[PDB]
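Chemist: Just one file: query-v1.txt, with compact mmCIF, C-alpha atoms and all ligand atoms.
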```
# COMPACT_ATOMS: atom_id res chain seq x y z
CA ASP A 21 37.33 124.14 -84.51
CA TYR A 22 38.48 120.61 -85.29
CA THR A 23 39.57 121.68 -88.80
CA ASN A 24 42.37 123.90 -87.43
CA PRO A 25 45.14 123.80 -88.19
CA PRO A 26 44.46 122.81 -91.82
CA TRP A 27 45.66 119.40 -92.94
CA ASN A 28 47.19 118.97 -96.40
CA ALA A 29 46.62 115.41 -97.66
CA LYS A 30 48.63 115.44 -100.87
CA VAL A 31 51.87 114.03 -99.52
CA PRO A 32 50.45 111.62 -96.92
CA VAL A 33 48.10 110.30 -99.60
CA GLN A 34 50.89 110.06 -102.20
CA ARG A 35 52.91 107.93 -99.78
CA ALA A 36 49.84 105.95 -98.70
CA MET A 37 49.20 105.25 -102.36
CA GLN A 38 52.43 103.24 -102.64
CA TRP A 39 50.63 100.56 -100.53
CA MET A 40 47.56 100.34 -102.75
CA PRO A 41 48.23 96.83 -104.04
CA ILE A 42 48.25 95.55 -100.44
CA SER A 43 45.22 97.61 -99.49
CA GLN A 44 43.35 96.12 -102.49
CA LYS A 45 44.23 92.58 -101.40
CA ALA A 46 43.25 93.27 -97.78
CA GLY A 47 40.11 95.09 -98.82
CA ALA A 48 38.90 92.35 -101.13
CA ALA A 49 39.51 89.78 -98.40
CA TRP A 50 37.53 91.63 -95.74
CA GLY A 51 34.89 93.47 -97.78
CA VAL A 52 36.40 96.92 -97.21
CA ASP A 53 36.95 99.80 -99.61
CA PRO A 54 40.66 100.01 -100.53
CA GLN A 55 40.33 103.79 -100.79
CA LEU A 56 38.94 103.87 -97.27
CA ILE A 57 42.00 101.88 -96.18
CA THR A 58 44.40 104.19 -98.00
CA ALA A 59 42.85 107.28 -96.46
CA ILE A 60 43.34 105.73 -93.00
CA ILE A 61 46.96 104.95 -93.87
CA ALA A 62 47.48 108.54 -94.94
CA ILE A 63 45.86 110.07 -91.84
CA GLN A 64 47.45 107.77 -89.27
CA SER A 65 51.00 107.03 -90.42
CA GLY A 66 51.34 109.20 -93.55
CA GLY A 67 52.50 105.96 -95.19
CA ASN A 68 55.45 105.23 -92.86
CA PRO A 69 55.32 101.47 -92.21
CA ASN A 70 57.67 101.71 -89.21
CA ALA A 71 55.81 104.49 -87.32
CA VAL A 72 55.20 103.96 -83.62
CA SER A 73 53.00 106.38 -81.64
CA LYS A 74 53.57 107.42 -78.01
CA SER A 75 50.78 105.00 -77.13
CA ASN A 76 52.26 102.08 -79.09
CA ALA A 77 49.99 102.28 -82.10
CA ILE A 78 52.12 100.59 -84.75
CA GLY A 79 52.63 100.67 -88.50
CA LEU A 80 50.76 101.87 -91.56
CA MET A 81 47.28 101.80 -90.03
CA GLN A 82 48.48 102.47 -86.49
CA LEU A 83 47.02 99.39 -84.76
CA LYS A 84 47.33 98.92 -80.98
CA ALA A 85 47.98 95.24 -80.24
CA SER A 86 46.09 95.42 -76.91
CA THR A 87 42.90 96.69 -78.57
CA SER A 88 42.49 96.17 -82.33
CA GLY A 89 45.21 93.56 -82.41
CA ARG A 90 43.41 91.48 -79.82
CA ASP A 91 40.02 91.87 -81.53
CA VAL A 92 41.43 90.71 -84.86
CA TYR A 93 43.21 87.73 -83.31
CA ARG A 94 39.93 86.85 -81.63
CA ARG A 95 38.13 87.14 -84.96
CA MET A 96 40.62 84.71 -86.52
CA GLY A 97 39.97 82.20 -83.75
CA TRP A 98 43.28 82.90 -82.00
CA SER A 99 44.53 83.60 -78.49
CA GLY A 100 46.64 86.58 -77.54
CA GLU A 101 47.82 89.60 -79.44
CA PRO A 102 50.15 90.25 -82.41
CA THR A 103 53.79 91.18 -81.82
CA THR A 104 55.20 94.61 -82.54
CA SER A 105 57.26 93.16 -85.40
CA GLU A 106 54.12 91.64 -87.00
CA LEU A 107 52.33 95.00 -86.73
CA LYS A 108 55.31 96.69 -88.49
CA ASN A 109 55.03 94.33 -91.45
CA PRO A 110 53.13 96.19 -94.18
CA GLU A 111 50.99 93.25 -95.40
CA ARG A 112 50.10 91.96 -91.95
CA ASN A 113 49.42 95.51 -90.73
CA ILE A 114 47.03 96.43 -93.57
CA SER A 115 45.30 93.05 -93.48
CA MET A 116 44.64 93.46 -89.75
CA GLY A 117 43.48 97.07 -90.11
CA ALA A 118 41.08 95.93 -92.84
CA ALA A 119 39.90 93.09 -90.58
CA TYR A 120 39.33 95.56 -87.73
CA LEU A 121 37.21 97.79 -89.99
CA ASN A 122 35.09 94.75 -90.91
CA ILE A 123 34.86 93.72 -87.26
CA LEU A 124 33.55 97.20 -86.41
CA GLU A 125 31.02 97.15 -89.24
CA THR A 126 29.67 93.71 -88.36
CA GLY A 127 29.74 94.11 -84.57
CA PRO A 128 29.23 97.41 -82.73
CA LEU A 129 28.23 99.44 -85.82
CA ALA A 130 25.88 96.81 -87.26
CA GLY A 131 22.63 98.33 -88.48
CA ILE A 132 23.83 101.71 -89.72
CA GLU A 133 21.84 102.23 -92.90
CA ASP A 134 23.37 105.32 -94.58
CA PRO A 135 26.63 104.35 -96.27
CA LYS A 136 28.26 107.78 -95.62
CA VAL A 137 27.16 107.80 -91.99
CA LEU A 138 28.58 104.29 -91.67
CA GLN A 139 31.82 105.47 -93.28
CA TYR A 140 32.06 108.31 -90.75
CA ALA A 141 31.19 106.03 -87.83
CA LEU A 142 33.86 103.56 -88.97
CA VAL A 143 36.61 106.18 -88.99
CA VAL A 144 35.61 107.68 -85.65
CA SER A 145 35.33 104.20 -84.08
CA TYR A 146 38.59 103.09 -85.66
CA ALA A 147 40.33 106.18 -84.22
CA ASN A 148 38.64 106.60 -80.84
CA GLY A 149 36.75 103.38 -80.33
CA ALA A 150 33.23 102.16 -81.06
CA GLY A 151 32.32 102.18 -77.38
CA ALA A 152 33.13 105.91 -77.12
CA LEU A 153 31.16 106.72 -80.26
CA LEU A 154 28.10 104.76 -79.20
CA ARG A 155 28.13 106.29 -75.71
CA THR A 156 27.62 109.76 -77.22
CA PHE A 157 24.14 108.48 -78.27
CA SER A 158 23.02 105.91 -75.68
CA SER A 159 24.22 103.37 -73.12
CA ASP A 160 22.18 100.79 -75.06
CA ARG A 161 24.10 99.73 -78.20
CA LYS A 162 21.07 99.31 -80.47
CA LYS A 163 19.22 102.37 -79.24
CA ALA A 164 22.46 104.21 -80.07
CA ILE A 165 22.28 102.75 -83.55
CA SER A 166 18.62 103.73 -83.82
CA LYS A 167 19.62 107.32 -82.92
CA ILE A 168 22.49 107.36 -85.42
CA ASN A 169 20.09 106.25 -88.13
CA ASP A 170 17.95 109.37 -87.54
CA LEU A 171 20.90 111.43 -88.78
CA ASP A 172 22.56 112.20 -92.09
CA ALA A 173 26.34 112.27 -92.42
CA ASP A 174 26.56 115.99 -91.77
CA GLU A 175 24.39 115.77 -88.64
CA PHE A 176 26.37 112.77 -87.52
CA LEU A 177 29.63 114.73 -87.70
CA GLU A 178 27.97 117.63 -85.84
CA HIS A 179 26.86 115.27 -83.05
CA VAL A 180 30.37 113.84 -82.71
CA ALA A 181 31.96 117.29 -82.51
CA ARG A 182 29.37 118.29 -79.91
CA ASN A 183 29.32 115.22 -77.63
CA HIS A 184 32.55 113.17 -78.08
CA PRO A 185 34.86 113.58 -75.05
CA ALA A 186 38.01 113.32 -77.24
CA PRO A 187 38.50 116.62 -79.15
CA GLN A 188 40.34 114.75 -81.93
CA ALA A 189 37.29 112.62 -82.79
CA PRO A 190 35.66 114.93 -85.40
CA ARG A 191 39.09 116.00 -86.67
CA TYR A 192 39.48 112.43 -88.02
CA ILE A 193 36.40 112.99 -90.21
CA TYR A 194 37.79 116.33 -91.41
CA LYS A 195 41.07 114.64 -92.43
CA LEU A 196 39.15 111.71 -93.92
CA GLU A 197 37.49 114.11 -96.38
CA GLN A 198 40.78 115.89 -97.04
CA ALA A 199 42.32 112.51 -97.94
CA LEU A 200 39.38 111.40 -100.09
CA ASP A 201 39.56 114.70 -101.98
CA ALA A 202 43.24 114.14 -102.84
CA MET A 203 42.42 110.76 -104.37
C1 LIG B 301 52.44 109.09 -84.26
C2 LIG B 301 51.82 108.63 -85.56
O1 LIG B 301 52.54 108.22 -86.47
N1 LIG B 301 50.50 108.69 -85.67
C3 LIG B 301 49.67 109.19 -84.58
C4 LIG B 301 48.46 108.29 -84.33
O2 LIG B 301 48.91 107.01 -83.95
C5 LIG B 301 47.57 108.86 -83.23
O3 LIG B 301 46.28 108.27 -83.26
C6 LIG B 301 46.17 106.92 -82.72
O4 LIG B 301 45.39 106.13 -83.60
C7 LIG B 301 45.03 104.83 -83.17
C8 LIG B 301 44.17 104.13 -84.22
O5 LIG B 301 44.87 104.00 -85.43
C9 LIG B 301 44.26 104.89 -81.86
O6 LIG B 301 43.91 103.56 -81.51
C10 LIG B 301 42.54 103.35 -81.18
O7 LIG B 301 42.28 103.67 -79.83
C11 LIG B 301 40.98 103.39 -79.39
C12 LIG B 301 40.78 103.91 -77.97
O8 LIG B 301 41.52 103.12 -77.05
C13 LIG B 301 40.69 101.90 -79.47
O9 LIG B 301 39.35 101.73 -79.05
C14 LIG B 301 39.11 100.58 -78.25
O10 LIG B 301 39.04 99.42 -79.07
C15 LIG B 301 38.85 98.23 -78.33
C16 LIG B 301 38.99 97.03 -79.26
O11 LIG B 301 37.98 97.05 -80.23
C17 LIG B 301 37.50 98.28 -77.62
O12 LIG B 301 37.32 97.16 -76.78
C18 LIG B 301 36.51 96.16 -77.41
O13 LIG B 301 35.13 96.50 -77.32
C19 LIG B 301 34.20 95.56 -77.80
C20 LIG B 301 32.77 96.09 -77.70
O14 LIG B 301 32.57 97.25 -78.50
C21 LIG B 301 34.36 94.27 -77.01
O15 LIG B 301 33.45 93.30 -77.48
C22 LIG B 301 35.78 93.74 -77.18
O16 LIG B 301 35.92 92.57 -76.40
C23 LIG B 301 36.82 94.79 -76.78
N2 LIG B 301 38.16 94.30 -77.12
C24 LIG B 301 39.21 94.43 -76.31
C25 LIG B 301 40.53 93.88 -76.76
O17 LIG B 301 39.13 95.01 -75.23
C26 LIG B 301 37.38 99.54 -76.77
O18 LIG B 301 36.07 99.66 -76.27
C27 LIG B 301 37.78 100.81 -77.54
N3 LIG B 301 37.78 101.97 -76.64
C28 LIG B 301 36.74 102.83 -76.52
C29 LIG B 301 36.91 103.97 -75.55
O19 LIG B 301 35.68 102.72 -77.15
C30 LIG B 301 40.91 101.41 -80.91
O20 LIG B 301 40.88 99.99 -80.98
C31 LIG B 301 42.25 101.88 -81.45
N4 LIG B 301 42.27 101.52 -82.85
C32 LIG B 301 43.16 100.67 -83.40
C33 LIG B 301 42.98 100.43 -84.87
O21 LIG B 301 44.09 100.13 -82.78
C34 LIG B 301 45.17 105.54 -80.83
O22 LIG B 301 44.53 105.57 -79.58
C35 LIG B 301 45.56 106.94 -81.31
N5 LIG B 301 46.41 107.64 -80.36
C36 LIG B 301 45.93 108.60 -79.56
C37 LIG B 301 46.90 109.26 -78.63
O23 LIG B 301 44.74 108.96 -79.55
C38 LIG B 301 47.41 110.39 -83.32
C39 LIG B 301 46.94 110.94 -81.98
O24 LIG B 301 45.55 110.74 -81.85
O25 LIG B 301 48.59 111.09 -83.66
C40 LIG B 301 49.22 110.62 -84.84
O26 LIG B 301 50.31 111.48 -85.15
CL CL B 302 34.01 107.29 -73.74
```
For this file, write the structure as structure tokens.
Modeler:
Amino acid sequence: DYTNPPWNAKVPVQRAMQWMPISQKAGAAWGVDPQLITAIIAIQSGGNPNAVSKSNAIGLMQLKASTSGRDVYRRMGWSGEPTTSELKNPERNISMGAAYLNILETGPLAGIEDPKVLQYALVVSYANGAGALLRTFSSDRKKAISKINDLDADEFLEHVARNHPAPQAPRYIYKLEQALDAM
């Protein structure tokens, strides 16, 4: 079960919460819930702005320059990818994570009607990629979206746990709720 072992959110969220003024700024800029941002901070770095994963996901929202970093630079009208030092900077890190969430909402996940389903799809896509999420429904992006829209948030989570090739995928939703409950 993707909820084992249990995940206590109180501390990660407490530390995440220290970044709220930045998350508010980033969120307002990109049309993203600052609590959604904070929960992602808590789950991914536990609020450590200097954290670097074994796969080079960097900073508070654990962005990978070669994937999310590139997509955000593209969205800004820029070439290339952000540096590791830029991704360690709290403001630049949160602003880019917020931008990535908006990119996901407006691109691959466009059309998802239920706000809770969309929230869940955003976190799973953020963590394991929109392409991977969509492929658990269809090879056609918008048929995938049509299928997602047949589901409620609980069914959506069930489908992810049942079909997603990465076991961690539904665990991100479990921790998401843990974090939201601590806030
Ligand atoms: C150690 C610690 O402190 N914490 C760790 C924690 O880091 C670990 O989790 C890690 O989290 C990060 C996210 O925060 C994971 O990063 C994910 O990884 C995804 C899979 O590679 C990645 O998905 C890819 O995103 C690309 C860019 O959007 C997609 O390509 C794009 O597709 C578009 C069409 O949909 C296309 O138009 C674009 O042109 C194209 N862009 C580019 C540049 O190619 C790509 O399709 C997609 N992959 C798939 C399969 O769908 C996410 O972007 C990325 N998110 C971010 C925000 O960077 C990271 O992988 C996690 N690590 C691991 C090992 O899983 C965690 C362990 O899980 O442990 C904690 O302790
Ligand atoms: Cl996949």
Chemist: CA of residue 110 (chain A) and CA of residue 44 (chain A) are how many Å apart?
Modeler: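 Separating CA of residue 110 (chain A) from CA of residue 44 (chain A) is a distance of 12.8 Å.
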Chemist: Record the distance separating CA of residue 35 (chain A) and CA of residue 65 (chain A), expressed in Å with one decimal.
Modeler: 9.6 Å
Chemist: As an exercise, work out the distance from CA of residue 113 (chain A) to atom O12 of ligand LIG 301 (chain B) in Å and give it to one decimal place.
Modeler: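 Here the two named atoms are 18.5 Å from each other.
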Chemist: Could you pull out the residues sitting within 7 Å of ligand CL 302 (chain B), using all atoms listed in the file, and write them as a tab-separated table (two decimals) with C-alpha atoms, keeping the file's coordinate frame?
Modeler:
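Once everything was written out, this is selection_24.tsv:
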```
chain	number	residue	atom	x	y	z
A	151	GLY	CA	32.32	102.18	-77.38
A	152	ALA	CA	33.13	105.91	-77.12
A	155	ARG	CA	28.13	106.29	-75.71
A	185	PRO	CA	34.86	113.58	-75.05
```
Chemist: When distances are computed from all atoms listed in the file, which of A:94, A:84, A:45, A:30 shows the smallest separation from ligand LIG 301 (chain B)?
Modeler: A:84
Chemist: Pick out the residues no farther than 8 Å from ligand LIG 301 (chain B), counting all atoms listed in the file, and list them as a VMD selection string.
Modeler: chain A and resid 60 63 to 66 68 71 to 79 81 to 91 117 120 124 127 to 128 145 to 153 188
Chemist: Go ahead and save the picked residues with C-alpha atoms, as a PDB file, keeping the file's coordinate frame.
Modeler:
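Writing the result to out02.pdb gives the following:
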```
ATOM      1  CA  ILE A  60      43.340 105.730 -93.000  1.00  0.00           C
ATOM      2  CA  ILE A  63      45.860 110.070 -91.840  1.00  0.00           C
ATOM      3  CA  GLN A  64      47.450 107.770 -89.270  1.00  0.00           C
ATOM      4  CA  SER A  65      51.000 107.030 -90.420  1.00  0.00           C
ATOM      5  CA  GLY A  66      51.340 109.200 -93.550  1.00  0.00           C
ATOM      6  CA  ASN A  68      55.450 105.230 -92.860  1.00  0.00           C
ATOM      7  CA  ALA A  71      55.810 104.490 -87.320  1.00  0.00           C
ATOM      8  CA  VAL A  72      55.200 103.960 -83.620  1.00  0.00           C
ATOM      9  CA  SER A  73      53.000 106.380 -81.640  1.00  0.00           C
ATOM     10  CA  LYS A  74      53.570 107.420 -78.010  1.00  0.00           C
ATOM     11  CA  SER A  75      50.780 105.000 -77.130  1.00  0.00           C
ATOM     12  CA  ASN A  76      52.260 102.080 -79.090  1.00  0.00           C
ATOM     13  CA  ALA A  77      49.990 102.280 -82.100  1.00  0.00           C
ATOM     14  CA  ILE A  78      52.120 100.590 -84.750  1.00  0.00           C
ATOM     15  CA  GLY A  79      52.630 100.670 -88.500  1.00  0.00           C
ATOM     16  CA  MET A  81      47.280 101.800 -90.030  1.00  0.00           C
ATOM     17  CA  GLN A  82      48.480 102.470 -86.490  1.00  0.00           C
ATOM     18  CA  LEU A  83      47.020  99.390 -84.760  1.00  0.00           C
ATOM     19  CA  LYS A  84      47.330  98.920 -80.980  1.00  0.00           C
ATOM     20  CA  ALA A  85      47.980  95.240 -80.240  1.00  0.00           C
ATOM     21  CA  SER A  86      46.090  95.420 -76.910  1.00  0.00           C
ATOM     22  CA  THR A  87      42.900  96.690 -78.570  1.00  0.00           C
ATOM     23  CA  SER A  88      42.490  96.170 -82.330  1.00  0.00           C
ATOM     24  CA  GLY A  89      45.210  93.560 -82.410  1.00  0.00           C
ATOM     25  CA  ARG A  90      43.410  91.480 -79.820  1.00  0.00           C
ATOM     26  CA  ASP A  91      40.020  91.870 -81.530  1.00  0.00           C
ATOM     27  CA  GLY A 117      43.480  97.070 -90.110  1.00  0.00           C
ATOM     28  CA  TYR A 120      39.330  95.560 -87.730  1.00  0.00           C
ATOM     29  CA  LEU A 124      33.550  97.200 -86.410  1.00  0.00           C
ATOM     30  CA  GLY A 127      29.740  94.110 -84.570  1.00  0.00           C
ATOM     31  CA  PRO A 128      29.230  97.410 -82.730  1.00  0.00           C
ATOM     32  CA  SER A 145      35.330 104.200 -84.080  1.00  0.00           C
ATOM     33  CA  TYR A 146      38.590 103.090 -85.660  1.00  0.00           C
ATOM     34  CA  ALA A 147      40.330 106.180 -84.220  1.00  0.00           C
ATOM     35  CA  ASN A 148      38.640 106.600 -80.840  1.00  0.00           C
ATOM     36  CA  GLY A 149      36.750 103.380 -80.330  1.00  0.00           C
ATOM     37  CA  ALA A 150      33.230 102.160 -81.060  1.00  0.00           C
ATOM     38  CA  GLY A 151      32.320 102.180 -77.380  1.00  0.00           C
ATOM     39  CA  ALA A 152      33.130 105.910 -77.120  1.00  0.00           C
ATOM     40  CA  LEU A 153      31.160 106.720 -80.260  1.00  0.00           C
ATOM     41  CA  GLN A 188      40.340 114.750 -81.930  1.00  0.00           C
TER      42      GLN A 188
END
```
Chemist: Mind checking which residues fall within 7 Å of residue 59 (chain A), counting all atoms listed in the file, ignoring those fewer than 5 positions away in the same chain, and posting them as a list in words?
Modeler: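 Residues near the query, excluding close chain neighbours: residues 33, 196, 199 and 200 of chain A.
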Chemist: If we count only C-alpha atoms and set the cut-off at 10 Å, which residues sit around region 163-169 of chain A, ignoring sequence neighbours fewer than 3 positions away in its own chain? Please answer as a tab-separated table (two decimals) with C-alpha atoms, keeping the file's coordinate frame.
Modeler:
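That gives us result24.tsv:
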```tsv
chain	number	residue	atom	x	y	z
A	128	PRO	CA	29.23	97.41	-82.73
A	129	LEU	CA	28.23	99.44	-85.82
A	130	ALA	CA	25.88	96.81	-87.26
A	131	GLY	CA	22.63	98.33	-88.48
A	132	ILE	CA	23.83	101.71	-89.72
A	133	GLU	CA	21.84	102.23	-92.90
A	134	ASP	CA	23.37	105.32	-94.58
A	137	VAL	CA	27.16	107.80	-91.99
A	138	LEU	CA	28.58	104.29	-91.67
A	141	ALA	CA	31.19	106.03	-87.83
A	153	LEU	CA	31.16	106.72	-80.26
A	154	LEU	CA	28.10	104.76	-79.20
A	155	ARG	CA	28.13	106.29	-75.71
A	156	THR	CA	27.62	109.76	-77.22
A	157	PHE	CA	24.14	108.48	-78.27
A	158	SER	CA	23.02	105.91	-75.68
A	159	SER	CA	24.22	103.37	-73.12
A	160	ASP	CA	22.18	100.79	-75.06
A	172	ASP	CA	22.56	112.20	-92.09
A	173	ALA	CA	26.34	112.27	-92.42
A	175	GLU	CA	24.39	115.77	-88.64
A	176	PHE	CA	26.37	112.77	-87.52
A	179	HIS	CA	26.86	115.27	-83.05
```
Chemist: Determine, counting only C-alpha atoms, which protein, DNA and RNA residues have an atom within 10 Å of an atom of residue 42 (chain A); residues of the same chain fewer than 5 positions away are not included. Present the result as an mmCIF file with C-alpha atoms, in the frame of the given file.
Modeler:
```
data_model
loop_
_atom_site.group_PDB
_atom_site.id
_atom_site.type_symbol
_atom_site.label_atom_id
_atom_site.label_comp_id
_atom_site.auth_asym_id
_atom_site.auth_seq_id
_atom_site.Cartn_x
_atom_site.Cartn_y
_atom_site.Cartn_z
ATOM 1 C CA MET A 37 49.200 105.250 -102.360
ATOM 2 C CA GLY A 47 40.110 95.090 -98.820
ATOM 3 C CA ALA A 48 38.900 92.350 -101.130
ATOM 4 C CA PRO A 54 40.660 100.010 -100.530
ATOM 5 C CA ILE A 57 42.000 101.880 -96.180
ATOM 6 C CA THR A 58 44.400 104.190 -98.000
ATOM 7 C CA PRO A 110 53.130 96.190 -94.180
ATOM 8 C CA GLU A 111 50.990 93.250 -95.400
ATOM 9 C CA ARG A 112 50.100 91.960 -91.950
ATOM 10 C CA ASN A 113 49.420 95.510 -90.730
ATOM 11 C CA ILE A 114 47.030 96.430 -93.570
ATOM 12 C CA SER A 115 45.300 93.050 -93.480
#
```
Chemist: Select, from A:121, A:62, A:189, A:107, the residue with the minimum atom-to-atom distance to residue 28 (chain A), counting only C-alpha atoms.
Modeler: A:62
Chemist: Which is closest to residue 31 (chain A) among A:92, A:171, A:61, A:123, if we use all atoms listed in the file?
Modeler: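 Among the listed residues, A:61 lies closest to residue 31 (chain A).
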Chemist: Mind checking which residues fall within 10 Å of residue 26 (chain A), counting all atoms listed in the file, ignoring those fewer than 2 positions away in the same chain, and posting them as an MDAnalysis selection string?
Modeler: chainID A and resid 22:24 28:29 194:195 198
Chemist: Using the file's own x, y and z axes, so that the box edges lie along x, y and z, what centre and edge lengths in Å (one decimal) does a box around every listed atom of region 142-159 of chain A get when 4 Å is added on each side? Give it as AutoDock Vina command-line options.
Modeler:
```
--center_x 31.7 --center_y 106.0 --center_z -81.1 --size_x 25.3 --size_y 15.6 --size_z 23.9
```
Chemist: From the structure block, carefully write region 54-73 of chain A out with N, CA, C and O atoms; format it as a tab-separated table (two decimals), in the first residue's frame.
Modeler:
```tsv
chain	number	residue	atom	x	y	z
A	54	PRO	N	-1.16	29.07	-3.17
A	54	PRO	CA	0.06	29.07	-2.34
A	54	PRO	C	0.11	27.91	-1.33
A	54	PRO	O	1.20	27.51	-0.89
A	55	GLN	N	-1.05	27.37	-0.97
A	55	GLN	CA	-1.07	26.22	-0.09
A	55	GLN	C	-0.66	24.98	-0.89
A	55	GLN	O	0.00	24.06	-0.37
A	56	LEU	N	-1.01	24.96	-2.17
A	56	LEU	CA	-0.64	23.81	-2.99
A	56	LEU	C	0.87	23.85	-3.11
A	56	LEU	O	1.54	22.82	-2.99
A	57	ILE	N	1.43	25.05	-3.29
A	57	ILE	CA	2.89	25.18	-3.39
A	57	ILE	C	3.60	24.72	-2.12
A	57	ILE	O	4.61	23.99	-2.16
A	58	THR	N	3.09	25.18	-0.99
A	58	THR	CA	3.66	24.83	0.31
A	58	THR	C	3.66	23.32	0.57
A	58	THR	O	4.61	22.77	1.10
A	59	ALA	N	2.57	22.67	0.19
A	59	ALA	CA	2.45	21.25	0.39
A	59	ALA	C	3.51	20.55	-0.45
A	59	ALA	O	4.11	19.58	0.00
A	60	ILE	N	3.78	21.06	-1.65
A	60	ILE	CA	4.78	20.45	-2.52
A	60	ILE	C	6.18	20.65	-1.93
A	60	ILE	O	7.03	19.75	-1.98
A	61	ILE	N	6.39	21.84	-1.35
A	61	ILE	CA	7.66	22.13	-0.68
A	61	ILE	C	7.89	21.12	0.44
A	61	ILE	O	8.95	20.48	0.53
A	62	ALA	N	6.85	20.96	1.26
A	62	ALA	CA	6.92	20.05	2.39
A	62	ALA	C	7.21	18.61	1.93
A	62	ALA	O	8.11	17.97	2.49
A	63	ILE	N	6.48	18.12	0.93
A	63	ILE	CA	6.67	16.73	0.50
A	63	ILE	C	8.03	16.47	-0.13
A	63	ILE	O	8.61	15.41	0.05
A	64	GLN	N	8.52	17.44	-0.89
A	64	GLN	CA	9.68	17.22	-1.75
A	64	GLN	C	11.01	17.56	-1.11
A	64	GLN	O	11.96	16.77	-1.22
A	65	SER	N	11.10	18.69	-0.41
A	65	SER	CA	12.35	19.03	0.27
A	65	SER	C	12.22	19.14	1.81
A	65	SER	O	13.22	19.40	2.50
A	66	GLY	N	11.01	18.99	2.33
A	66	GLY	CA	10.77	19.27	3.73
A	66	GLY	C	11.19	20.68	4.12
A	66	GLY	O	11.44	20.96	5.30
A	67	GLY	N	11.27	21.59	3.15
A	67	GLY	CA	11.63	22.97	3.44
A	67	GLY	C	13.12	23.28	3.47
A	67	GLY	O	13.53	24.38	3.88
A	68	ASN	N	13.95	22.34	3.04
A	68	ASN	CA	15.40	22.58	2.92
A	68	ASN	C	15.76	23.16	1.54
A	68	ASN	O	15.72	22.45	0.53
A	69	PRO	N	16.12	24.44	1.50
A	69	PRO	CA	16.32	25.11	0.21
A	69	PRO	C	17.56	24.64	-0.55
A	69	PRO	O	17.67	24.88	-1.74
A	70	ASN	N	18.45	23.94	0.14
A	70	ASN	CA	19.70	23.48	-0.45
A	70	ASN	C	19.70	21.98	-0.82
A	70	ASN	O	20.74	21.43	-1.20
A	71	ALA	N	18.54	21.33	-0.71
A	71	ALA	CA	18.44	19.88	-0.92
A	71	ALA	C	18.68	19.51	-2.37
A	71	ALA	O	18.18	20.17	-3.27
A	72	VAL	N	19.44	18.44	-2.58
A	72	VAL	CA	19.74	17.96	-3.93
A	72	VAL	C	19.56	16.44	-4.01
A	72	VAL	O	20.31	15.69	-3.37
A	73	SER	N	18.59	15.97	-4.79
A	73	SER	CA	18.29	14.53	-4.83
A	73	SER	C	19.35	13.77	-5.64
A	73	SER	O	20.16	14.38	-6.34
```
